[PDB]
Amino acid sequence: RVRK
Amino acid sequence: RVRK
Amino acid sequence: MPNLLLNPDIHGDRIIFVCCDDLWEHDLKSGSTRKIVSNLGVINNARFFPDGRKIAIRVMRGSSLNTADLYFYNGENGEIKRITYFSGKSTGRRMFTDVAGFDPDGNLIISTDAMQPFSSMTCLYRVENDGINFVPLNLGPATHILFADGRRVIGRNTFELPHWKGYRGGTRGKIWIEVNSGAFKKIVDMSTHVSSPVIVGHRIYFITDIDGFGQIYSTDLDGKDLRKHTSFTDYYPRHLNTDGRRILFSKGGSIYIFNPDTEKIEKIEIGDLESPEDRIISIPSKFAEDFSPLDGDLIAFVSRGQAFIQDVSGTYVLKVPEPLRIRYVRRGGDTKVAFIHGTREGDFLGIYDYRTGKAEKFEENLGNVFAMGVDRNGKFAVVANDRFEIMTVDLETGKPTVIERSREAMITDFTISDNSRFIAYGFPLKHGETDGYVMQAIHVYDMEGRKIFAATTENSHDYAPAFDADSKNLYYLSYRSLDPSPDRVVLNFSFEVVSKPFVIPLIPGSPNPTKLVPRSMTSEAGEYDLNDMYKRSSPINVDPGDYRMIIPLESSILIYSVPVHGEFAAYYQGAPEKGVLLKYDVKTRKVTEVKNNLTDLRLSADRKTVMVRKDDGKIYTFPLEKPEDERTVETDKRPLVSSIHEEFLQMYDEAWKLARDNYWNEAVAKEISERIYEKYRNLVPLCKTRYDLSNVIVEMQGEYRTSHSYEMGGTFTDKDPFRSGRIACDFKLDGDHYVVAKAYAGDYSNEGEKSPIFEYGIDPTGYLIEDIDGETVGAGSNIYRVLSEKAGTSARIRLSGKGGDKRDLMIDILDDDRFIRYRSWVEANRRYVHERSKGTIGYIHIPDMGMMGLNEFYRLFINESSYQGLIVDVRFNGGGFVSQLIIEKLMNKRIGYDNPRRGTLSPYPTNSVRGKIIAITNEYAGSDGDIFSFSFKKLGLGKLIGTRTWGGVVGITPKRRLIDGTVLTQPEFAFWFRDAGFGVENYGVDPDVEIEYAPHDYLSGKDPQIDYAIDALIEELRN
Amino acid sequence: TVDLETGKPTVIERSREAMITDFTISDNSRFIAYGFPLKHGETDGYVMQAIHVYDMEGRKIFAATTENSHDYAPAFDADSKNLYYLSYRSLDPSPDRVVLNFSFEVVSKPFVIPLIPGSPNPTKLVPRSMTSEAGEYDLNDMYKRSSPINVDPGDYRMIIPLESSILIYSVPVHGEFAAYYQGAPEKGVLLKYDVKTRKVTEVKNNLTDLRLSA
Amino acid sequence: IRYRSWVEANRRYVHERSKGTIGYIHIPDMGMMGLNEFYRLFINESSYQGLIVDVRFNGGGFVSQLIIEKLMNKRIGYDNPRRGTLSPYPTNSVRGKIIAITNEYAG
Amino acid sequence: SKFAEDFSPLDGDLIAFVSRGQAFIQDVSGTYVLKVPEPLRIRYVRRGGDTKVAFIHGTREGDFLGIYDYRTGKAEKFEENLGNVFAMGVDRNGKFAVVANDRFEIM
Amino acid sequence: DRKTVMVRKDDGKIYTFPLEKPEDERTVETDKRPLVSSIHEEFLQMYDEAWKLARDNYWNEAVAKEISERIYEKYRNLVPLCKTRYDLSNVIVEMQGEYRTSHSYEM
Amino acid sequence: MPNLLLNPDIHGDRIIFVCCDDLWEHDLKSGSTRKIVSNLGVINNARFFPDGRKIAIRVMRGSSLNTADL
Ligand SMILES: CCCCCCCCCC
Ligand SMILES: CCCCCCCCCC
């Protein structure tokens, strides 16, 4: 999961 | 529920 | 062996600074030093009062310094006293709740968000009666507050940003100034970040790295006449502080002085100060991991980088004789175990025999290992690296042999047949270099003939492969049993329980063993033939659900089920997922429960011993045949022993390696890493505490000049976190009694959204708090402290309203009331938008792009989406990843209606916004928040109002932690917007209309951002 | 309300969105709690439902709940002192295992509202010696005194308040294929929550429908 | 089994004829099954140069709005990883040109 | 718990106990706790009625009998010295109390 | 009422169960609410008690009346200088020594 | 509010002693004082080595100071  |  | 000095403050000849988490004082005159305060926890900031007598100190507590509060120090009598009981939330990057400065009268002004809905609202407060009362300055969020010639000087977001050098985003530190006893003007707004401002004479001295490195500068009280004073090159300067004459600061671990007049920089001499016991003792359970069952009913587990072979009891323990960093331990024989040892160079396979002692460690590098296993006959091992390769390592020679390499993700899910002939594993794939999803097909590798076969097709997600004892059929799970589950709030459907087990007989002609096909009616006993085996695949008659493991047994099958549940706790608190071990009897086709409250499970190689961890954190072990007979696995019997300096070096190198290995751009990585290594490695030996290491590590992470380089977790102290008693209220000292200044409430009928006092049918607002649990609070009794001492319990509170109205209720003293304040705010803004738009505009606010965001968006989206206009306030948005999902919603356009015989119209689509939309955004919205903002404009859903946003669109997905539990993050996923490239990173998003929120706007109690938005929509809604 | 003696029906309230089929009557015959379907606009995409309570004395309607979600299954306790009901307000997303999406699967939770201001949540087990109930009926702004009952979120269809326990009808998450094409009934299970022990148990499973005596 | 056979046949057909540059998806109805079939292939066919959303013989239902909302997504960005392939944004975005097939048996 | 002592069961399933010289009326859970409003040195706490508890308060002068009602609040403390009390009890009808001192007297 | 039983087990914990259904016992928790006090108020209290017991229990009442009355104030003035339990110990032990007898210990 | 000083040791102008369980050092010359060691538990004896450089300290631990080491 590519949290930002 | 509005089936069509 | 010198220390790491830092964050100093000056006053005359005396100079206070931090060393080893404790506060020290140094006298230039005599040249002596002494520790003036200690054992309070971790201290990072100390400020001299005007008279130079007392000192305000900010100290952190909690294993990860997740909490903080302020203390006073009287150098006259040596008195120490806690001032605030806010238990402010803080992280490495945002250490909120600190000293803002001192007013002309010599009073302390603090900056905290304790009573605010958003962490970034670090509003200013004046401290009175040593923490008794708090008077707000209503100047908006601030980090520093200075005074000059009767003029307030406000520093916004002016704290240091070591983790992001060269930051030029919208949240960059800026300085404002008063000009008309209430009017404010922004005076320092450079392209880069401005930190730690001070005023000597009539010039503001601050720090910035506009020239490519941190240096000191200054400008008149008008932001004019810029001047570059220092010219450092070794380490960025930090924490500027003055007394009116000279400026003090720290650099590379030393304390320096700068004289504004002479303009001379000089280093203060301090030498050695403290060198604590290097050999430390730790608790294995606190850092344990990788627990595995061995033969003879033994156990293997890893902790703080060390490995052990012990009995369930934990009485007989053996440490594996290997230097630091053992990543994995795996049963490799009767008395032999295989392990994975990691070094700065990489990961290597090893083997140890806890009986004899022979521990021949290999040297063939395997890259970054994330999965390891050994066959049941200790011949070879299977390994998965971050190169996306799966390989077999000869446990005798050491020669690794790559079997297959995926180009999408790691091959961590694999199993070996009991006869050591086949290797089944999940192979992540894509049918296009840009597909939105990644499929996974089970692959089977044959040691004989050395050839790979397709056990499954590549159209979904097939996993958890597992062979049966006799190695005749391959079992596995897949999410192919599609069947939608209805959403109870939003018109939507999701695949909740679509998991089901399947089997594949390795011998063509043989039927599904679970089908119970009479032997007399079949003719098995053919011969292995893995060709087109995916065609012979068959399911096993078990209701669809959410399975994570399948274990084939003699006449039954064990299945690990995970009941549907929310993901809030898991997303924010990292809370483990809850499963339950189920059993399916092939004969009776009936299912039963073997063990519940499981959060993890491991199974022996012999399939006779089960090891599991329950929701209580403990580890248990029980025989599969008699699951009722479980024992608790104890490990805290033998103290864990290590050396601070050996561990600190190890930890630095790993942090340095991950940062390099995970940076999104490999090229930039090779250069930055090689250029910052030694420079920061030389500071490690000066570190004595986890906090010292943090300073070094964070500064080195900042060398990548990118967003998302964070540092979370880790053990920094044995002090318990600070407690704060809350009842969702605001107190004010009026005379000798505290009055309920405000009683927060959002949606009365929702859960946890109002002051617990409301349950007694009375709005506390206005009432006078007499006493709590017998003790009288007021003028001479800190209510904040009393409440703190009752946090998490129920106390009797005597109240008093208008007339002779007196209440005496048992109130629940909560540990926190942030959410209640957030919901209160949202509802207030919502009510506001309705009244001002004469009931023609809706309101929705998105706190972040995570589970909570998703929650809040839909919580109001269902009542506000059908107004003439909509305001999608996304200010303070903390990022996440679900922006795309929210946009997809707003993207819907109403193109029809349903006319019923009875009732009202039904808009099509249902999730369509009725009219004009408008977004509000500030500098406190970033990451996914950044993406959402750019997208909103890019797709033309409406106008964007506010101020440039944060600017950090390089995502992360940590997958490895430090031996002390520390979880470091590395910008690994650079976002590329079409027709803009990576432009958003280190910049943010520009709103179509810029509406600043000056300090004077806060003083007038007006929100210029939400007002403009409303007024602007009314204009568009004239058509 | 139709007078079972004379036959004179008397309209209490009329919704303009859907039928008011979910209602309950207090044991003392004084209050009538029911789900009132509403909208905040003649074109809203969703229909909210707020529980309404009607008092036979004074003949006046009160708002038991706010109009921001779906509140249902109202039910009074024997002594007719508190009103219990369920609501889909416990928002918390559940991940989709195939498609990048999230849905509100288990966001159902029970709540209670004492009809006498000052009285606490009966399930909170607040020592009588430490409270001063015995006030008097006052349904005004009762939606402010509302409080939840400490029971894990799920998919509840009924709540029955008993002496020292509460019965709850749970419906485990499941697909809708069979129900959509085969009209297959939904599967539930009768659960019991002991106020004292705060522990839950199963009373009866494989239920597809349930009715309870007066 | 015959329906799935047909869909897969048409799917294999569309690949071969478009030299592997076009995707295929078929929606039998706008009910639960439709939702099932649409996503069953939507996850493997949405990232081709072109997409064919065959909705012939569609028996109706009510979830059309939900499927449209999906196809309505336009790809406007990507995620560049240190290792692995690009991640389209949004994820449920069709990569290129779309084309629908419909007969008199869809209502 | 580190300084607790004199744990005693009351009515309504309540508990009374002394610690570090302080007294408390709480539920088994320890969630609802009330401190007896009395200065330092409470030697003993004893059930003396539905919501009333009798206590023994000690000072430099000696030990004195007291009474507290955790419901209302009335806490009238006596002044008649009893010497050094080592045992205290109350009848079931809250009329009187029995006390034993180091003078070897029962009263 | 003879209906409620409260007990402590060899594990130090306190439990409570109905006499009719002894199988239904709960654990009495008390460490939920922090215990609050003042070092200087407690230290004075403790000194006076130590000073009183020393006087009240000395084998010879006569010698007691004199030694006590002659050492009280002298050692009481040191209590306010004490900040730690160890500081108090020093004061108390020295005052116990004023009885010039054996067996005056502090454990 | 002064402290309770006790168990001192001397060496030249420097003078170590115990205050608040911790060890302190005082310089008759300058007249200043400082805590040279703390957080080790309860200290009751500190002795100057011959050279006056190092110091041997006896510290007690355990709830009732039932244990000790140097
Ligand atoms: C073994 C690698 C673990 C990776 C951490 C979580 C990755 C999830 C992708 C959303
Ligand atoms: C009592 C009315 C029953 C209505 C049949 C199903 C209506 C569902 C709306 C989707």
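Residues numbered from 1 in each chain as written, not as in the entry; some residues may be left out. Chains lettered and ligands numbered in written order. Part of a larger assembly, values for the part shown. Heavy atoms only, no water.

In the nomenclature of the PDB entry, chain D corresponds to Tricorn protease from the organism Thermoplasma acidophilum. What the PDB record gives as the title of this entry is "Tricorn protease in complex with tetrapeptide chloromethyl ketone derivative".

As recorded by the PDB entry, chain C carries the name Tricorn protease and is attributed to Thermoplasma acidophilum. As recorded by UniProt, the Subunit comment attached to chain C reads in full: "Part of the Tricorn proteolytic complex. Assembles to form a hexameric toroid, 20 copies of which may then assemble to form an icosahedral supermolecule of 14.6 MDa." We quote the UniProt Subcellular location comment for chain C here in full: "Cytoplasm". (UniProt positions renumbered as here; feature names shortened; annotations may be inferred.)

The next point concerns the interface of chain C and chain H. Counting residues at the interface gives four residues for chain C and four residues for chain H. Buried area between chain C and chain H, both sides added, is near 430 Å², and the carbon and sulfur share of it is 30%. In this assembly, chain C and chain H are joined by three residue pairs in polar contact. Of the residues assigned to the side of chain C that touches chain H, the class counts are no nonpolar, three polar and one charged. (Contact = heavy atoms within 4.5 Å. Buried area = accessible area lost by both parts, 1.4 Å probe. Polar contact = N/O pair within 3.5 Å; in protein donor to acceptor, adjacent residues only side chain to side chain. Nonpolar A, V, L, I, M, F, W, Y, C, P; charged D, E, K, R; others polar.)

Turning our attention to the site of ligand 1. Around ligand 1, the neighbouring residues are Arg1(A), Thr957(C), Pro958(C) and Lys959(C). The site occupied by ligand 1 is bordered by residues of chains A and C. In the complex, 48% of the free accessible area of ligand 1, which totals 360 Å², lies under the protein chains. A class-by-class count of the residues in the shell around ligand 1 yields one nonpolar, one polar and two charged. (Near = heavy atom within 4 Å. Areas by Shrake-Rupley, 256 points an atom, 1.4 Å probe, with all protein chains shown as cover.)

Bringing the interface of chain D and chain C into the picture now. Taken together, the contact between chain D and chain C spans 61 residues of the former and 62 residues of the latter. Around 5,500 Å² of area is buried between chain D and chain C when both sides are counted, 52% of it from carbon and sulfur atoms. Counting across the interface, chain D meets chain C through seven salt bridges. The salt bridge involving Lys124(D) is made with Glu759(C); its shortest N-O contact spans 3.3 Å. Linking chain D with chain C are 38 residue pairs in polar contact. (Salt bridge = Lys/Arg side-chain N within 4 Å of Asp/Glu carboxyl O.)

Spatial ordering of the open sheet is given by β70(C)-β72(C)-β3(E)-β4(E), a layout of four strands whose pairing is antiparallel. Each having just a single partner strand, β70 (954–955) of chain C together with β4 (87–89) of chain E make up the two edges of the open sheet. Summarising the sheet, β70(C) and strand β72 (residues 973–977) of chain C pair through two bridges and their orientation is antiparallel. Looking at β72(C), one finds that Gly955(C) is bridged to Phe973(C). Sitting on the sheet, helix α10 (residues 928–938) of chain C touches β72 of chain C together with β4 of chain E, and the angle it makes with β72(C) is about 10°. (Pairing = 2+ DSSP bridges. Helix = DSSP H or I, 4+ residues; strand = E, 2+ residues; numbered from the N terminus. Axes fitted to C-alpha atoms, helices over the stretch in contact; angles between N-to-C directions.)

Okay, the domain arrangement of chain C next. Residue and element names in this part refer to chain C. Examined at the domain level, chain C breaks down into domain 1 (1–272), domain 2 (288–637), domain 3 (643–714), domain 4 (723–817) and domain 5 (818–1023). Each of domain 2 and domain 5 has a C-alpha centre, and these two points are 42 Å apart. In this assembly, 19 residues from domain 2 lie in contact with 20 residues from domain 5. With both sides pooled, the region where domain 2 packs onto domain 5 buries about 1,400 Å², and carbon together with sulfur makes up 59% of that total. Considering only the side of domain 2, the residues that lose the most area to domain 5 are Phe 370, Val 490 and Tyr 571, jointly responsible for 32% of the buried surface there. At the junction of domain 2 and domain 5, the tally comes to one salt bridge. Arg 960 is paired through a salt bridge with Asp 347; the nearest N and O atoms lie 3.5 Å apart. Elements with a minimum of two residues in the side of domain 2 that touches domain 5: β35 (369–374) and α2 (568–572). (Domains from an automatic or database assignment.)

Next up on the list: helix α12 (residues 1008–1020) of chain C. Residues and elements named next belong to chain C. Compared with an ideal rise of 1.5 Å per residue, which puts 13 residues at 18 Å, α12 spans 18 Å between its outermost C-alpha atoms and is within 8% of the ideal. When α12 is considered as a whole, its buried residues turn out to be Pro 1008, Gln 1009, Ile 1010, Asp 1011, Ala 1013, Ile 1014, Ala 1016 and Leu 1017. Capping of α12 at its N-terminal end is provided by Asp 1007; its side-chain oxygen lies 3.0 Å from the backbone amide nitrogen of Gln 1009. (Expected span 1.5 Å × (residues − 1). Buried < 20%, exposed > 50% of the residue type's maximum accessible area, 1.4 Å probe, protein only.)

In the numbering adopted here, UniProt assigns the feature "active site" to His708(C), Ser927(C) and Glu985(C). Spanning 278 residues, the named residues form one tight spatial group whose C-alpha atoms are at most 10.7 Å apart. Among the structural elements, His708(C) can be located in the loop between α5 (690–702) and β57 (711–712). Dropping the residues within four chain positions of it, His708(C) is found in contact with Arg3(A), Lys4(A), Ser927(C), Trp950(C), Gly952(C), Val954(C), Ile956(C), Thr969(C), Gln970(C) and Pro971(C). You can see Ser927(C) is positioned in the loop between β68 (916–921) and α10. Residues within four places of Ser927(C) in sequence aside, it is in contact with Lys4(A), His708(C), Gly879(C), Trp950(C), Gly952(C) and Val953(C).

Quick look at the pattern of salt bridges now. All names here are of chain C. All chains considered together, the criterion is met by 126 salt bridges over all chains. The partner of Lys 35 in a salt bridge is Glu 274, and the shortest N-O contact between them spans 2.7 Å. Within this pair, whereas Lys 35 is found in strand β4 (residues 32–37), its partner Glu 274 is found in the loop between β25 (265–267) and β26 (279–282), the two being separated by 239 residues in sequence. Overall, the relative accessible area of 24% leaves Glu 274 in the partly exposed class. With a closest N to O distance of 3.0 Å, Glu 699 and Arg 238 form a salt bridge. With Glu 699 in helix α5 and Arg 238 in strand β22 (residues 237–242), this residue pair connects regions lying 461 residues apart in the sequence. Members of the salt-bridge network, linked through shared partners, are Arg 172, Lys 174, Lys 186, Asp 189 and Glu 996.

Residues and elements named next belong to chain E. Helix α2 (residues 32–45) packs onto helix α1 (residues 2–17) with a crossing angle of 20° between their chain directions and a minimal axis gap of 13 Å. Here α2 runs roughly parallel to α1, going by the angle between their axes. Between α1 and α2 lies a crossing of right-handed hand. Contacts between α1 and α2 pair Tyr 3, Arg 4, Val 7, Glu 8, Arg 11 and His 15 from the former with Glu 37, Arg 40, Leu 41, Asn 44 and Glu 45 from the latter. Considered class by class, the residues forming the contact of α1 with α2 number three nonpolar, two polar and six charged. (Parallel < 35°, antiparallel > 145°, perpendicular 65-115°, else oblique. Left-handed = near helix turned anticlockwise from the far one by under 90°.)

Turning to the packing of aromatic side chains, a few remarks are in order. Taken as a whole and judged by the stated rule, the model has 68 aromatic pairs over all chains. Over the aromatic face of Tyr710(C) sits the side chain of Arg93(C), whose NZ or CZ is 4.1 Å from the ring centroid. Positioned above the aromatic ring of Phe49(H), the side-chain terminus of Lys54(H) is 4.4 Å from the ring centre. (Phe/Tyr/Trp six-rings, centres within 6.5 Å; stacked < 30°, edge-to-face > 60°. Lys NZ or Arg CZ within 6 Å of the ring centre and 35° of its normal.)

Here we come to the sheet that holds strand β7 (residues 63–69) of chain F. Across a sheet, strands are paired by hydrogen bonds formed along the backbone, either parallel or antiparallel in direction. Residues and elements named next belong to chain F. The sheet built from four strands is open, its strands ordered β5-β6-β7-β8 with antiparallel pairing. A single partner strand is all that each edge strand has here, and the edge strands are β5 (42–47) and β8 (77–81). Strand after strand, the sheet turns through a mean of 20° between neighbouring axes, direction not considered. Relative to β7, strand β6 (residues 52–58) runs antiparallel, the two sharing seven bridges. Across the sheet, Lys 52 pairs through a bridge with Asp 69, a residue of β7.

Of all eight residues that make up helix α3 (residues 64–71) of chain E, six are buried, and the element is covered over most of its length. Those residues of α3(E) lying buried are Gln65(E), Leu66(E), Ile67(E), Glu69(E), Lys70(E) and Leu71(E). Elements in contact with the buried residues of α3(E): β46 (493–494), α9 (883–890) and β67 (906–908) of chain C together with α2, β2 (50–54) and β5 (97–101) of chain E.

All names here are of chain C. Ranked by internal contacts, the top residues of the largest apolar core, which has 211 residues, are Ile 871 and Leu 890. Setting aside residues no more than four positions away along its own chain, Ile 871 makes contact with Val 833, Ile 841, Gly 842, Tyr 843, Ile 844, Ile 918, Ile 920, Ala 1013, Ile 1014 and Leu 1017. Counting residues in hydrophobic clusters, the runner-up holds 43 residues, among them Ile 36, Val 37, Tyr 704 and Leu 962. (Core = buried A, V, L, I, M, F, W, Y, C linked by side-chain atoms within 4.5 Å.)

Across the 15 pairs of chains in contact, the largest number of contacts is found between chains C and D. Left apart from each other, chain A and chain B have a closest C-alpha approach of 35 Å.

The next thing to look at is the pairing of strand β18 (residues 195–200) of chain C. Moving residue by residue along a regular strand, the side chains alternate between the two faces of the sheet. All names here are of chain C. Counting buried positions over the six residues of β18 gives six, a clear majority of the element. Here β18 runs beside strand β19 (residues 203–208); their pairing, made up of four bridges, is antiparallel. Across the sheet, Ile 199 pairs through a bridge with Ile 204, a residue of β19. Joining the antiparallel neighbours β18 and β19 is a turn of two residues, in which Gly 201 adopts a positive phi near 80°.

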